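Encoded as structure tokens, the structure appears first; notes follow it.
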Amino acid sequence: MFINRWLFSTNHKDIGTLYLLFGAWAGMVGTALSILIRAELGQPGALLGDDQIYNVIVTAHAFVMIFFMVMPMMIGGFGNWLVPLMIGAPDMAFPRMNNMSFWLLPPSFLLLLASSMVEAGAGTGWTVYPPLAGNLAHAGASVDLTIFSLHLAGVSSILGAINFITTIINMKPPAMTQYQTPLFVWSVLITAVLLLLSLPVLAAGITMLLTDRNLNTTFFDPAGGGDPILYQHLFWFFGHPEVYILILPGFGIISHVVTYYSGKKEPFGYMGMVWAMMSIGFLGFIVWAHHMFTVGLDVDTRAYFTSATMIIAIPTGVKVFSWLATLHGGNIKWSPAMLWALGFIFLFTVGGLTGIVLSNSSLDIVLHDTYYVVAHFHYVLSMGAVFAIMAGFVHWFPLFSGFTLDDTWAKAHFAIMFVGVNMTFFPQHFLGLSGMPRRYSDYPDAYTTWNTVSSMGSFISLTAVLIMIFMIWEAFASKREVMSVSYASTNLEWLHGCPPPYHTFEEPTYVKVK
Amino acid sequence: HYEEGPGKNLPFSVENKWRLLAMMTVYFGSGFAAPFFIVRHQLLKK
Amino acid sequence: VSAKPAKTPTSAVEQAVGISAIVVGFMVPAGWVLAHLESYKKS
Amino acid sequence: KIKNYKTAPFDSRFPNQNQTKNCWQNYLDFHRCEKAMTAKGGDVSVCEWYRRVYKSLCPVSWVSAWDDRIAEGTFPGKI
Amino acid sequence: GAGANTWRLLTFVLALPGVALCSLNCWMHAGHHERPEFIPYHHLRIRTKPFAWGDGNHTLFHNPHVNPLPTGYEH
Amino acid sequence: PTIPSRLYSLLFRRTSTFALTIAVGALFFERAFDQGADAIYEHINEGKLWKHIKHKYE
Amino acid sequence: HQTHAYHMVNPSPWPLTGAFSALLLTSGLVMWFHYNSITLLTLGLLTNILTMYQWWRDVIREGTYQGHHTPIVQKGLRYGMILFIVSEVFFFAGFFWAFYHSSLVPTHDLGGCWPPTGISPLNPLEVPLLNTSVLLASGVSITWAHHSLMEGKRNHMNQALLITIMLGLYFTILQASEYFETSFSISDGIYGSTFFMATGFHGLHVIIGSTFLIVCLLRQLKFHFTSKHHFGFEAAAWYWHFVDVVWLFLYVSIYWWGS
Amino acid sequence: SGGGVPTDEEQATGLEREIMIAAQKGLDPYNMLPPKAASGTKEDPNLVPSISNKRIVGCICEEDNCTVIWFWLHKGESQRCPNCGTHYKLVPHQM
Amino acid sequence: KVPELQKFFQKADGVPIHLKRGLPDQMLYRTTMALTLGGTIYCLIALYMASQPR
Amino acid sequence: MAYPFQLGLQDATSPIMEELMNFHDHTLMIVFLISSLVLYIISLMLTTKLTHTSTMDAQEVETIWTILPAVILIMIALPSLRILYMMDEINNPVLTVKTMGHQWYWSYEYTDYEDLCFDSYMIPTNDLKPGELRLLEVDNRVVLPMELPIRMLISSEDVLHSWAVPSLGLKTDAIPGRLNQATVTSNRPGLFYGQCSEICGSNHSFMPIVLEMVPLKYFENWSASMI
Ligand code: HEA
Ligand code: HEA
Ligand code: CUA
Ligand SMILES: [Cu+2]
Ligand SMILES: [Mg+2]
Ligand code: NA
Ligand SMILES: [Zn+2]
């Protein structure tokens with residue numbers, strides 16, 4: 001019975017709950033890894049001795065909380081919990097394949113941990129640049145396990161993307177067209193499209209790297225006619241679409257949070273939002289060489305790519321302006337999800353604008369692989385998508401479980417998390433502008449002070465995550481169920497009750513005849 | 001028929017608060033303490 | 001989302017020992033590893 | 001002549017960032033001079049400056065490896 | 001033309017006689033010249049790792065008469 | 001308008017057109033069959049026939 | 001009772017079993033490459049062969065033996081097959097674009113010539129032209145089989161699908177023959193690496209297509225495909241046309257142009 | 001040659017069989033087509049069939065709209081979409 | 001062979017799809033899960049001996 | 001060459017990177033303007049008392065919303081391409097210097113005439129001369145002249161390094177099989193510091209690059225008296 005529910009699952013709600021559990025586990029794993037990385041940069045020293053194990057820790061941090069926190073939680077958990085519930089579908093079109101994707105995730109986690117386990121260690125950064133990742137600088141079985149972890153995560157993401165696209169397009173009520181779905185459904189539409197149009201290049205590149213390591217080929221060995229910049233091209237052709245994977249359902253969650261608690265029945269400029277998100281999903285594929293403005297490209301190529309980078313910059317500004325104009329004269333109620341949303345808007349805005357500062361190739365010549373880059377993406381990822389996922393989890397936790405979190409404890413969590421992550425990632429702007437390169441276990445003395453400040457800010461964020469478990473324990477320490485939900489008419493997911501039963505939409509939705 | 005309700009759509013036991021606290025703290029503490037054990041094992045190995 | 005009050009109440013003292021138990025359970029293996037690395041370096 | 005030469009000039013053939021093809025084609029057409037003045041029996045030091053420019057252009061490891069592959073007759077370059 | 005019969009004719013006239021003709025033509029072309037002189041360039045016949053099957057120097061579909069080894073040909 | 005209907009109609013339906021089809025097919029079959037059988041015969045006897053060794057003795 | 005017209009699936013184990021079989025396969029590759037062990041890899045292979053076998057036996061059981069496959073479920077299946085097929089189109093496009101990056105600007109260790117000095121590719125007129133003729137004849141064969149399914153004649157589409165499977169097996173055995181009788185290995189330069197890697201995944205994909213055609217043939221001999229609901233052969237024809245157009249791209253890019 | 005390939009009026013079994021049988025009568029009881037008889041009037045509501053006494057009713061009540069107004073509909077008197085004025089009456093006689 | 005198989009597979013029994021045949025389906029389910037869990041345990045033991053250096 | 005509590009860029013010597021500072025200050029104007037704008041809107045319209053939840057009009061503000069960010073990005077991008085097309089002009093290379101990034105150290109080749117190459121290691125912390133720096137000292141410094149356009153041709157053996165000095169505004173990745181050309185001009189003598197800006201293994205934090213640039217008479221007296 002237990003095995004036939006939580007191991008042999010064929011409904012999206014239980015599978016999504018299991019993504020919440022696994023993503024929370026991987027979030028604490030990567031949180032601990034970040035505690036180590038900031039833990040010996042508080043005081044300048046070889047606390048771990050050689051920095052090979054430091055690169056192992058940094059690579060583990062990047063991999064576990066990109067592919068094992070944000071993608072499972074966001075894509076799998078929120079899609080499987082919300083996309084059938086918003087569109088009215090009783091389930092997904094391919095539930096067994098979705099379950100195979102979910103159950104493929106923990107072997108990928110196990111092989112990543114085992115990749116960290118072997119004595120050579122896979123200390124080669126998030127990008128897997130050869131022949132540092134080759135069979136001479138990393139001669140061992142660790143990076144092969146890292147490659148196979150990426151295989152399993154990519155196959156799980158591809159199967160989930162296939163199921164998401166077919167359940168949005170096909171599992172929809174008949175007289176509802178594509179332009180009546182809520183914007184999170186559009187977010188996972190373009191998101192799953194970009195997964196399925198990005199991950200084959202990653203899979204081909206890492207299969208190519210595995211064949212280069214083991215089967216004696218020379219795709220990335222220049223001594224036999226290869227070129228590492230081919231791997232850089234393939235990897236970032238995957239990677240910036242993967243970047244907008246990591247940001248776009250965050251945009252959908254943030255749009256729903258902003259239009260929910262403000263009292264808006266309809267977000268402002270729905271067709272404009274949909275156009276902006278398809279514009280991002282169409283322009284995400286022609287921008288990737290902005291990651292390679294210091295490799296030696298042609299100057300006309302660099303000019304074209306920075307021009308296309310500003311062309312991908314404009315629709316994000318359209319989205320943030322439509323957010324500030326769908327706040328327009330609303331009955332705002334200060335739930336903590338709005339606190340996460342305002343933090344998202346401001347801090348994602350400043351991180352993206354520092355990205356625009358980094359976009360121009362002439363300045364990116366001198367500001368490459370420094371902590372300015374780390375500040376840009378740690379803003380955008382590490383608190384834009386992070387505050388989007390806590391906005392979604394705090395908002396939909398009565399829907400997910402049944403009990404509510406304490407508002408005072410959640411606002412205190414927002415305060416401690418806000419102070420911690422801002423103190424962690426503000427001074428590394430000045431560190432990167434001073435010229436401190438990334439992936440450094442030890443630094444010169446002049447980069448000390450900001451480092452120390454940022455490190456203790458990380459400890460503040462550590463205190464924040466403790467309160468997280470405490471307040472969710474407080475829910476199960478209180479068992480306080482809901483009276484009702486406000487604005488229940490414009491959201492289908494709240495309308496089957498908190499929490500929904502195992503079989504929702506036994507008889508499906510009725511559509512307007514027109 | 002399957003069992004549905006608040007706390008009955010979760011794999012873990014809900015009805016006892018203290019064993020729930022113990023199991024959540026050992027689960028999240030094992031997740032937190034795994035990379036510390038990994039890095040101490042590569043410190044012991046080298 | 002409007003909430004019904006708690007079916008099981010929670011006073012201050014069990015909240016205090018719960019947050020204390022959580023922080024000591026999170027910090028005792030991490031502080032066990034970080035409290036001594038001279039033994040792990042075989043120095 | 002051009003010489004009283006100081007440092008290898010900016011070639012208009014390769015104005016872009018990557019310049020490995022510059023020393024590659026330079027070593028190639030150095031040997032093209034060498035067998036050209038070998039075949040026609042002309043003076044071999046008329047295009048003397050080609051060795052100065054490929055020692056000024058690409059590093060000593062690459063030219064040592066290329067000359068070793070000449071010495072064993074195993075260079076895939078067109079010579 | 002809403003008919004399988006044109007595809008039946010096109011299989012039995014264009015497809016199968018074409019593949020039979022090119023099979024016979026490849027049997028006319030089935031003559032292979034003698035092996036090239038073993039010149040050991042360093043950009044091929046490389047071994048960045050011993051192979052994972054058997055000897056460690058033989059490929060999966062290795063044939064001893066046209067495929068060389070980095071030591072040389074074998075007889 | 002389908003291909004077997006028009007192939008019967010403008011080639012096989014009339015008897016004089018049938019005979020013209022047979023004559024033209026006979027000529028092209030003679031050329032192609034002679035080439036194919038000659039190529040098969042010279043491949044089976046590679047290096048044995050006189051035309052394979054005719055160039056040695058000019 | 002279900003009022004909608006979608007598929008409700010029983011709780012099945014093979015998601016978990018297939019995922020852990022994939023774990024066994026990946027760890028089997030790791031330990032064969034680094035520790036010389038075969039037994040765990042063959043265990044992973046045996047597990048996922050029978051996993052895929054009885055998973056699709058289950059899918060056959062709701063399809064032709066229980067009839068839960070609503071036309072909207074058929075639309076979902078054809079959408080998923082189109083998504084999967086454009087996934088390997090973009091996968092092979094990654095392989096292709098790696099080949100064009102290697103080919104259009106040769107490095108200084110190849111002599112700057114495609115093909116490099118010391119490697120002699122076969123001219124494409126005899127054997128790869130025969131491969132292209134085999135796959136094109138198989139394309140006309142599967143189109144004939146599809147239109148025989150449109151009309152509903154059994155013995156004609158039986159003969160057509162036997163011809164398709166026979167030329168698919170003929171394709172893979174003489175591709176193994178040209179693997180046997182080539183002048184270079186996978187370690188013989190970037191040209192050998194690109195050509196053998198692309199043709200190896202093409203051979204793997206045409207093996208998958210031949211096995212899928214064998215499965216749908218054995219299904220049709222058991223009288224499964226009707227005149228309208230015959231999505232197994234539709235997926236077979238789509239995968240086979242994919243293999244055909246991919247082989248046309250390998251014939252142009254690797255064989256004819258650039259060599 | 002031969003026959004052999006079966007017409008799907010005989011090999012249809014189960015849910016496929018009743019949806020084909022009902023669809024070639026023109027009736028769709030399994031929600032495959034957009035329904036008919038739009039009337040927001042008081043005396044003539046929108047008739048929606050049911051098997052229970054409760055159903056989801058979505059109203060795209062003005063043309064080319066973003067949001068569908070979702071609300072539960074119960075057995076009894078017909079109450080409208082809560083912002084526009086299109087009536088909805090549930091009839092629980094569709095198995 | 002199909003219509004009697006249609007009549008068989010509409011048992012209306014509550015037995016799941018993987019056990020609809022009965023005894024050989026039960027045998028095949030047992031032998032595809034037992035050796036799969038054995039292979040998983042063997043993989044964990046394999047990684048444990050791979051982790052400890054020689 | 002950093003100093004404690006530095007918030008801005010490393011101060012200028014090359015004209016290319018002081019023009020980069022001018023563009024950096026201009027885009028800092030832009031980010032300050034729009035960040036203060038969104039900050040004022042966020043602190044403004046969350047602090048209202050009135051409500052308006054009607055079905056408002058949509059297509060009446062998009063013309064400014066489309067053209068104004070395009071105008072801001074094109075005034076961003078005009079100096080971008082203006083200075084981007086100025087670092088690749090007609091070179092007049094008085095000196096050519098090659099470097100090749102060895103396994104966690106560097107090598108430098110001055111072989112335009114009278115072949116000279118050396119390998120630059122790192123001074124350890126316990127072997128430091130008093131008054132020197134930590135993680136930024138090299139025994140064999142890289143000597144360049146001033147007021148001259150000089151080219152760096154970079155390469156490596158196996159792993160991807162990156163020759164980077166931020167005070168001169170140079171950063172190019174050292175790749176095997178590919179030498180890259182980077183120009184440099186200096187207007188002051190001195191000692192200008194930089195570090196590796198690409199990961200290269202288990203001592204990646206432990207290679208600095210130091211550029212001692214001097215007049216030319218000391219180049220004859222130095223390169224004539226080094227080997
Ligand atoms: C979700 C994650 C995320 C997001 C959204 C972005 C968004 C952007 N990123 Fe970034 N990026 C990363 C994640 C992300 N990036 C990561 C992870 C790396 C490094 C990987 C590694 O470590 O190797 C990276 C690296 C990276 C680099 C490489 C730097 C280097 O390594 O040397 C560059 C430079 O071009 C760049 C640029 C941009 C730009 C121009 C945007 C834009 O999309 C931002 C636009 C956002 C806005 C909020 C626009 C603001 C507009 C307004 C407020 C309206 C007003 C505007 C006008 C009036 C004009 N990114
Ligand atoms: C998902 C992307 C992501 C996220 C969130 C983070 C978050 C953080 N990162 Fe990370 N980082 C990367 C991606 C990310 N990073 C990448 C890709 C690199 C480069 C890798 C390379 O070198 O190639 C990097 C590199 C990197 C370095 C480089 C090391 C060096 O240069 O020497 C450092 C150190 O300062 C760092 C620090 C941090 C810190 C202090 C956080 C903090 O924000 C951590 C705090 C976050 C949380 C606490 C999350 C909240 C979690 C929960 C609440 C539990 C889950 C449960 C529920 C949600 C219910 N990061
Ligand atoms: Cu050299 Cu990092
Ligand atoms: Cu990018
Ligand atoms: Mg770099
Ligand atoms: Na440190
Ligand atoms: Zn309405």
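Each chain in the structure tokens gets a letter, A, B and so on, in the order shown; residues start at 1 in every chain, and ligands are counted from 1 in the order they appear.
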Chain D residues within 8 Å of chain E, counting only C-alpha atoms: which ones, as a PDB file with N, CA and C atoms, in the first residue's frame?
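New file out10.pdb:
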```
ATOM      1  N   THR D  74      57.167  13.097 -41.056  1.00  0.00           N
ATOM      2  CA  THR D  74      55.819  12.743 -40.630  1.00  0.00           C
ATOM      3  C   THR D  74      54.992  13.987 -40.310  1.00  0.00           C
ATOM      4  N   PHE D  75      55.085  15.006 -41.164  1.00  0.00           N
ATOM      5  CA  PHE D  75      54.338  16.240 -40.974  1.00  0.00           C
ATOM      6  C   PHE D  75      53.156  16.198 -41.934  1.00  0.00           C
ATOM      7  N   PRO D  76      51.909  16.287 -41.457  1.00  0.00           N
ATOM      8  CA  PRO D  76      50.761  16.321 -42.381  1.00  0.00           C
ATOM      9  C   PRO D  76      50.627  17.605 -43.192  1.00  0.00           C
TER      10      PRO D  76
END
```
Exercise for the section: List all protein, DNA and RNA residues that have any atom at most 7 Å from ligand 3, counting only C-alpha atoms and all ligand atoms, and write the list as a PyMOL selection string. Expected result: chain J and resi 101+104-105+161-162+196-201+204-205+207
Exercise for the section: Output the neighbourhood of ligand 5 as a PyMOL selection string, that is, all protein and nucleic acid residues with some atom at most 8 Å from the ligand, counting only C-alpha atoms and all ligand atoms. Expected result: (chain A and resi 292+294-295+368-369) or (chain J and resi 162+172-173+197-198)
Same residues, N, CA and C atoms, saved as a PDB file, in the first residue's frame:
```
ATOM      1  N   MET A 292      31.200  33.894 -24.023  1.00  0.00           N
ATOM      2  CA  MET A 292      32.517  33.700 -24.630  1.00  0.00           C
ATOM      3  C   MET A 292      33.013  34.977 -25.306  1.00  0.00           C
ATOM      4  N   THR A 294      35.617  36.475 -24.067  1.00  0.00           N
ATOM      5  CA  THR A 294      37.049  36.512 -23.799  1.00  0.00           C
ATOM      6  C   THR A 294      37.777  35.314 -24.391  1.00  0.00           C
ATOM      7  N   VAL A 295      37.141  34.584 -25.307  1.00  0.00           N
ATOM      8  CA  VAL A 295      37.749  33.369 -25.833  1.00  0.00           C
ATOM      9  C   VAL A 295      38.558  33.637 -27.100  1.00  0.00           C
ATOM     10  N   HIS A 368      35.393  39.746 -16.809  1.00  0.00           N
ATOM     11  CA  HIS A 368      35.073  38.337 -17.008  1.00  0.00           C
ATOM     12  C   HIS A 368      35.689  37.481 -15.912  1.00  0.00           C
ATOM     13  N   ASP A 369      34.910  36.495 -15.444  1.00  0.00           N
ATOM     14  CA  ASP A 369      35.310  35.502 -14.436  1.00  0.00           C
ATOM     15  C   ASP A 369      35.785  36.217 -13.167  1.00  0.00           C
TER      16      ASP A 369
ATOM     17  N   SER J 162      43.989  31.660 -18.251  1.00  0.00           N
ATOM     18  CA  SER J 162      43.552  32.952 -18.772  1.00  0.00           C
ATOM     19  C   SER J 162      44.513  34.027 -18.303  1.00  0.00           C
ATOM     20  N   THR J 172      42.473  37.420 -21.743  1.00  0.00           N
ATOM     21  CA  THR J 172      42.245  36.482 -22.833  1.00  0.00           C
ATOM     22  C   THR J 172      42.586  35.073 -22.372  1.00  0.00           C
ATOM     23  N   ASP J 173      41.805  34.100 -22.835  1.00  0.00           N
ATOM     24  CA  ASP J 173      41.925  32.733 -22.346  1.00  0.00           C
ATOM     25  C   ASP J 173      43.028  31.985 -23.083  1.00  0.00           C
ATOM     26  N   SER J 197      42.343  33.780 -14.546  1.00  0.00           N
ATOM     27  CA  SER J 197      40.908  33.969 -14.694  1.00  0.00           C
ATOM     28  C   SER J 197      40.297  32.827 -15.492  1.00  0.00           C
ATOM     29  N   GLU J 198      40.809  31.620 -15.269  1.00  0.00           N
ATOM     30  CA  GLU J 198      40.231  30.381 -15.768  1.00  0.00           C
ATOM     31  C   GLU J 198      40.762  29.266 -14.886  1.00  0.00           C
TER      32      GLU J 198
END
```
Practice task
Enumerate as a VMD selection string the residues within 6 Å of ligand 2, counting only C-alpha atoms and all ligand atoms.
Solution key: chain A and resid 24 27 to 28 31 34 37 to 38 58 to 59 62 65 to 66 125 to 127 378 381 to 382 390 438 to 441 458 465
Problem - Contacts of residue 83 (chain H) within 9 Å, only C-alpha atoms, excl. fewer than 3 positions in-chain, as JSON, numbers by chain - result: {"H": [61, 69, 80, 86]}
Practice task
Specify as an MDAnalysis selection string all residues of chain F found within 10 Å of chain E, counting only C-alpha atoms.
Solution key: chainID F and resid 1:5 36 39:44 46
Using N, CA, C and O atoms, can you write the selected residues to a file as an mmCIF file, in the first residue's frame?
```cif
data_model
loop_
_atom_site.group_PDB
_atom_site.id
_atom_site.type_symbol
_atom_site.label_atom_id
_atom_site.label_comp_id
_atom_site.auth_asym_id
_atom_site.auth_seq_id
_atom_site.Cartn_x
_atom_site.Cartn_y
_atom_site.Cartn_z
ATOM 1 N N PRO F 1 -6.755 9.825 -63.317
ATOM 2 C CA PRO F 1 -5.558 10.667 -63.312
ATOM 3 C C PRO F 1 -4.377 9.999 -62.621
ATOM 4 O O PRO F 1 -3.272 10.542 -62.640
ATOM 5 N N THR F 2 -4.618 8.839 -62.016
ATOM 6 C CA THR F 2 -3.561 8.104 -61.339
ATOM 7 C C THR F 2 -2.587 7.515 -62.356
ATOM 8 O O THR F 2 -2.899 7.366 -63.541
ATOM 9 N N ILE F 3 -1.380 7.197 -61.877
ATOM 10 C CA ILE F 3 -0.315 6.752 -62.783
ATOM 11 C C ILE F 3 -0.572 5.405 -63.474
ATOM 12 O O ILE F 3 -0.225 5.283 -64.660
ATOM 13 N N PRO F 4 -1.197 4.376 -62.843
ATOM 14 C CA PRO F 4 -1.414 3.156 -63.641
ATOM 15 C C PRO F 4 -2.516 3.306 -64.672
ATOM 16 O O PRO F 4 -2.428 2.685 -65.739
ATOM 17 N N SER F 5 -3.525 4.138 -64.397
ATOM 18 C CA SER F 5 -4.577 4.403 -65.374
ATOM 19 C C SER F 5 -4.027 5.100 -66.612
ATOM 20 O O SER F 5 -4.347 4.719 -67.741
ATOM 21 N N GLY F 36 25.216 -4.462 -68.965
ATOM 22 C CA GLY F 36 25.217 -5.161 -67.691
ATOM 23 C C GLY F 36 25.881 -6.522 -67.756
ATOM 24 O O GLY F 36 26.695 -6.865 -66.893
ATOM 25 N N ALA F 39 29.660 -6.102 -68.232
ATOM 26 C CA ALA F 39 30.309 -5.697 -66.989
ATOM 27 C C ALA F 39 30.413 -6.855 -66.004
ATOM 28 O O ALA F 39 31.438 -7.008 -65.327
ATOM 29 N N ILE F 40 29.368 -7.687 -65.922
ATOM 30 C CA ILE F 40 29.408 -8.862 -65.053
ATOM 31 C C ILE F 40 30.478 -9.839 -65.524
ATOM 32 O O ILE F 40 31.268 -10.354 -64.718
ATOM 33 N N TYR F 41 30.555 -10.064 -66.841
ATOM 34 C CA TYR F 41 31.538 -10.995 -67.386
ATOM 35 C C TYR F 41 32.965 -10.496 -67.193
ATOM 36 O O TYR F 41 33.862 -11.292 -66.895
ATOM 37 N N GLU F 42 33.207 -9.193 -67.357
ATOM 38 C CA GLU F 42 34.564 -8.712 -67.130
ATOM 39 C C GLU F 42 34.909 -8.627 -65.650
ATOM 40 O O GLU F 42 36.095 -8.655 -65.309
ATOM 41 N N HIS F 43 33.915 -8.523 -64.761
ATOM 42 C CA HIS F 43 34.247 -8.547 -63.341
ATOM 43 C C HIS F 43 34.570 -9.954 -62.858
ATOM 44 O O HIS F 43 35.473 -10.129 -62.032
ATOM 45 N N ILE F 44 33.834 -10.961 -63.346
ATOM 46 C CA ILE F 44 34.099 -12.349 -62.958
ATOM 47 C C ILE F 44 35.472 -12.791 -63.452
ATOM 48 O O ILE F 44 36.180 -13.544 -62.771
ATOM 49 N N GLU F 46 38.264 -10.834 -63.924
ATOM 50 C CA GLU F 46 39.118 -9.670 -63.714
ATOM 51 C C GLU F 46 40.588 -10.014 -63.919
ATOM 52 O O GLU F 46 41.134 -10.888 -63.240
#
```
Exercise for the section: Write down as a count of residues only the residues belonging to chain D that are assigned alpha helix (DSSP H) by DSSP computed on the backbone. Expected result: 41
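Picture a line from CA of residue 290 (chain A) to CA of residue 103 (chain G); it runs 24.0 Å.
Between CA of residue 56 (chain D) and CA of residue 7 (chain D) lies a distance of 7.5 Å.
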Exercise for the section: Just need the residues of chain A within 6 Å of chain B, counting only C-alpha atoms, so spit them out as a PyMOL selection string. Expected result: chain A and resi 25+28-29+32+402+501
Keeping N, CA and C atoms, export the residues of the selection given above as a PDB file, in the first residue's frame.
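Final output, part07.pdb:
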```pdb
ATOM      1  N   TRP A  25      15.448  18.373   0.360  1.00  0.00           N
ATOM      2  CA  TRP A  25      16.655  17.649   0.762  1.00  0.00           C
ATOM      3  C   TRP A  25      17.884  18.183   0.030  1.00  0.00           C
ATOM      4  N   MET A  28      18.909  21.645   1.282  1.00  0.00           N
ATOM      5  CA  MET A  28      19.747  21.652   2.480  1.00  0.00           C
ATOM      6  C   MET A  28      21.161  21.151   2.194  1.00  0.00           C
ATOM      7  N   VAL A  29      21.310  20.207   1.252  1.00  0.00           N
ATOM      8  CA  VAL A  29      22.641  19.739   0.846  1.00  0.00           C
ATOM      9  C   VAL A  29      23.465  20.888   0.263  1.00  0.00           C
ATOM     10  N   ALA A  32      24.417  23.551   2.854  1.00  0.00           N
ATOM     11  CA  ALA A  32      25.610  23.165   3.600  1.00  0.00           C
ATOM     12  C   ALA A  32      26.878  23.374   2.782  1.00  0.00           C
ATOM     13  N   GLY A 402      -2.503  21.426   3.664  1.00  0.00           N
ATOM     14  CA  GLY A 402      -3.754  21.595   4.372  1.00  0.00           C
ATOM     15  C   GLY A 402      -3.646  22.585   5.510  1.00  0.00           C
ATOM     16  N   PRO A 501      -8.330  16.355  -3.172  1.00  0.00           N
ATOM     17  CA  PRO A 501      -8.321  14.895  -3.006  1.00  0.00           C
ATOM     18  C   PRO A 501      -7.418  14.192  -4.006  1.00  0.00           C
TER      19      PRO A 501
END
```
Exercise for the section: Measuring atom to atom with only C-alpha atoms, identify which of G:210, G:130, G:9, G:81 is nearest to residue 16 (chain E). Expected result: G:130
Exercise for the section: Give as a count of residues only every residue of chain D that touches chain G within 12 Å, counting only C-alpha atoms. Expected result: 23
Problem - Test item: residues no farther than 6 Å from ligand 1, counting only C-alpha atoms and all ligand atoms, as a PyMOL selection string - result: (chain A and resi 243-244+246-247+290-291+309+313+316-317+348-349+352-353+355-356+358-359+364+368-369+373+377+380-381) or (chain J and resi 69+72-73)
Problem - Exercise answer, 10 Å around ligand 7 with only C-alpha atoms and all ligand atoms, as JSON, numbers by chain - result: {"A": [512], "H": [40, 57, 58, 59, 60, 61, 62, 67, 68, 69, 70, 80, 81, 82, 83, 84, 85, 86, 87, 88]}
Mind dumping the selected residues with C-alpha atoms as a PDB file, in the first residue's frame?
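Output below, filename part.pdb:
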```
ATOM      1  CA  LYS A 512     -18.630  28.600 -22.087  1.00  0.00           C
TER       2      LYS A 512
ATOM      3  CA  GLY H  40     -27.780  33.537 -20.338  1.00  0.00           C
ATOM      4  CA  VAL H  57     -18.408  25.700 -14.490  1.00  0.00           C
ATOM      5  CA  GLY H  58     -16.033  28.061 -16.269  1.00  0.00           C
ATOM      6  CA  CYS H  59     -17.347  31.230 -17.888  1.00  0.00           C
ATOM      7  CA  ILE H  60     -15.415  32.945 -20.661  1.00  0.00           C
ATOM      8  CA  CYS H  61     -18.314  35.312 -20.507  1.00  0.00           C
ATOM      9  CA  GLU H  62     -17.091  38.071 -22.816  1.00  0.00           C
ATOM     10  CA  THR H  67      -9.529  34.877 -17.333  1.00  0.00           C
ATOM     11  CA  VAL H  68     -12.102  32.115 -17.139  1.00  0.00           C
ATOM     12  CA  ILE H  69     -14.383  32.603 -14.150  1.00  0.00           C
ATOM     13  CA  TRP H  70     -14.379  29.248 -12.342  1.00  0.00           C
ATOM     14  CA  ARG H  80     -25.051  33.127 -12.691  1.00  0.00           C
ATOM     15  CA  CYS H  81     -21.401  33.793 -13.337  1.00  0.00           C
ATOM     16  CA  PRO H  82     -20.506  36.189 -10.491  1.00  0.00           C
ATOM     17  CA  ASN H  83     -19.363  39.098 -12.684  1.00  0.00           C
ATOM     18  CA  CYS H  84     -21.208  38.963 -16.032  1.00  0.00           C
ATOM     19  CA  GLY H  85     -24.690  37.450 -15.958  1.00  0.00           C
ATOM     20  CA  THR H  86     -24.695  34.127 -17.811  1.00  0.00           C
ATOM     21  CA  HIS H  87     -26.994  31.624 -16.115  1.00  0.00           C
ATOM     22  CA  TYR H  88     -26.043  27.991 -15.483  1.00  0.00           C
TER      23      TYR H  88
END
```
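Contacts from chain J to chain G at a cut-off of 12 Å (only C-alpha atoms) map to residues 176, 177, 178 and 179 of chain J.
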Handout entry: 9 Å contacts from chain I to chain G using only C-alpha atoms, as a PyMOL selection string
Key = chain I and resi 1-3+5-10+16-18+32-33+35-37+39-40+42-43+46-47+50
